[PDB]
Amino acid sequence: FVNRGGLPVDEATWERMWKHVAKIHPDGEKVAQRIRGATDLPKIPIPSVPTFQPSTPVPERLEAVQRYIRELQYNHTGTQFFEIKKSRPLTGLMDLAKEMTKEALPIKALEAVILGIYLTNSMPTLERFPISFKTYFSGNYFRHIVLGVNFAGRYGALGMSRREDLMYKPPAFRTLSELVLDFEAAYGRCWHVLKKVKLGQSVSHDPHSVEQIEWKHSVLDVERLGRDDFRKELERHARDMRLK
């Protein structure tokens, strides 16, 4: 379920969220009874958007950006509070990123990618590009996405995930293949087969850009490629970005 009428959440989207909780949680109705209209709920602090001294190295800034993203918390409610239309102009998506920082609600992988671009537009020596995954577990397909980053010729990632090892990577990987193979290993450890990796182009640092994000500049079928060709195609995508 996706909130499609912005904030505050309209009456219909709100009931739907609480209907969904009623079916998913064993005590679903008791959860709604305890929370809905409760006058003794914790006040959640609005997390502070991190701002950076020009003396702070980019890797340290990325740590603060990831901490901010984590502080919003992974959205387990079953209702996404922000609609992300992936084909929208960057300027529209960065308007959404700003509203995410002002309203400060839980988020999932795609929202974290938009936030990551927004909070690193101040870092022109950092290149940002989305990396999407399609995985298989127990007869079902799963989709995930992170923000690949490149600083000083080394690859890292920002993002939001259920699992610690499927989001943040410090920019220490010497090649793009070493970064993506670390994700593939993490998936292998939680018994997922990696089927496809989709790699985007460098995103503009201009938050008023009318350009779209290119999400699928490279689509790599891991199984059809095999080990060697998969590394070659990842390295080819790394060169394409460095030269453009």
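Counting begins at 1, following the sequence as shown.
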Subject >> Mean Cα B-factor comparison, 7-15 or 21-29, giving the higher one as deposited >> reply: 21-29
Original post:
Do the CA atoms of 100-108 or those of 137-145 have the higher mean B-factor in the entry?
Top reply: 137-145
Subject >> Member of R61, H205, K43, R67 with the greatest C-alpha B factor (per the PDB record) >> reply: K43
Original post:
Going by what the PDB entry lists, where does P130 fall on CA B-factor within its chain: lowest, middle or highest third?
Top reply: lowest
**OP:** Check where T175 lands among this chain's C-alpha B-factors and tell me if it's the lowest, middle or highest third.
**Re:** middle
**OP:** Among all modelled residues of this chain, ranked by Cα B factor, put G92 in the bottom, middle or top third, i.e. lowest, middle or highest.
**Re:** middle
**OP:** Comparing against every modelled residue in the chain, figure out the third that the C-alpha B-factor of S48 lands in (lowest, middle or highest).
**Re:** middle
Subject >> Chain third (lowest, middle, highest) by recorded CA B-factor, residue given as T56 >> reply: lowest
